[PDB]
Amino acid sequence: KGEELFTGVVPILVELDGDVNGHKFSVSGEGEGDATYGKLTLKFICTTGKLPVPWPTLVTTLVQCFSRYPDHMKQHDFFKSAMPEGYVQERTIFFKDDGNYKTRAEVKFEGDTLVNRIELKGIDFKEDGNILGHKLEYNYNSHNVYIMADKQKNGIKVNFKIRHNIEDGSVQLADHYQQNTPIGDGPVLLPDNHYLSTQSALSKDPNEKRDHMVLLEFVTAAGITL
């Protein structure tokens, strides 16, 4: 069922409402995904003015159904299996020596469009720290995203470490703890342990005067033998 919804290019919409240390903001995104190649292309806009956190800190929060699952691993693709009814994705993101984000999102189809709707809450940030102080470089590293079943919840548990480059040459670690649960009562695929290999490139639209981020991302499932 879910797999067939992703054989072509699918339009994507992302909507996020955020509150980080009382700095409220909203972000809207649009683009398309082609899961055949693990490929996402999106443009995000801060619709409330200036984004009060660095764009890179939002990349993980702002559609893992667009991951390329090798044919020999297709039975481990929870994300697509939950579609079109979708899944709830929840995270805590711990910024080392700083505050944390807590996010709740719903990812599902609305007609032919894959939609990610997100509420984000950030607390305990340092006004002078790398996040609220805007000390992070506008770029993004390549990661491994670790996935396990959570049979208790008929869902998955996910963990990984994001490394954000700091302007002084150091790293800002962002420890990610995640769980997904299906929205239907329909069946889903519960996976064996595996991981997703990610890479992302951030850019700017030279004509865009609003605070924004252009994102090109490729993700491939791995760690099972071929």
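For every residue, the number given is its place in the sequence shown, counted from 1.
Unmodelled residues of the deposited sequence between neighbouring positions residue 62 and residue 63 number 1 to 3.
Taking only CA atoms, the mean B-factor in the PDB entry is higher for 181-189 than for the other of 181-189 and 155-163. Once the C-alpha B-factors are averaged per stretch, 45-53 and 29-37 rank with 45-53 first.
Per the deposited coordinates, the residue with the largest Cα temperature factor out of 80, 126, 91, 108 is 126. The deposited CA B-factor of residue 133 belongs to the highest third of values across its chain. In this PDB entry, residue 18 carries a Cα temperature factor that places it within the middle third of its chain's modelled residues.
Placement of the Cα temperature factor of residue 148 within the chain: highest third of the modelled residues, per the deposited record. Sorting the modelled residues of the chain by their CA temperature factor places residue 116 in the lowest third.
Among the modelled residues of its chain, residue 217 has a C-alpha B-factor that falls in the lowest third, as given in the PDB entry.
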